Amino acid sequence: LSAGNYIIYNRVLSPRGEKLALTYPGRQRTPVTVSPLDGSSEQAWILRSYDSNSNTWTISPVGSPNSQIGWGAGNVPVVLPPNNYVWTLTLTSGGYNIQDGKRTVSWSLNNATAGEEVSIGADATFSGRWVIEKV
């Protein structure tokens, strides 16, 4: 895994079979959601290596490339002005487990539906795992 632009989508598809991709809501301090994979810029993220030895990274929307995803009140990711907000990206045999820098919580989807806000908390079979693809 290396720096560049990526899509990030859940292992669990929508009820209609759509890949549910991390989607920038177009402004800061607004819960980041998933939506059907569609090639829009809101679904492209810049990963920058923070500590390679820690597998930690910053994640920035291409639309606002200096901004970073942080841990929002309500336990949802939100985009913010930069301040070393990082996530651990661990490749497991079930896909990526996206955790905070201290590896105490995980991103998941509760229902895996279009428009759903990403949850930060307990790890979850299947919906706690993600796919990260270049470009």
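Note that residue numbering follows the sequence shown and begins at 1.
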Practice task
Decide which of the stretches 55-63 and 104-112 has the higher mean C-alpha B-factor, going by the entry.
Solution key: 55-63
Fill in the blank from the handout: Assert higher mean C-alpha B factor (45-53 or 28-36, deposited values) equals 45-53
Completion exercise
Temperature factor at the Cα of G95, chain-ranked in thirds, falls in the middle
Completion exercise
By the entry's values, the third containing the CA B factor of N75 is the lowest
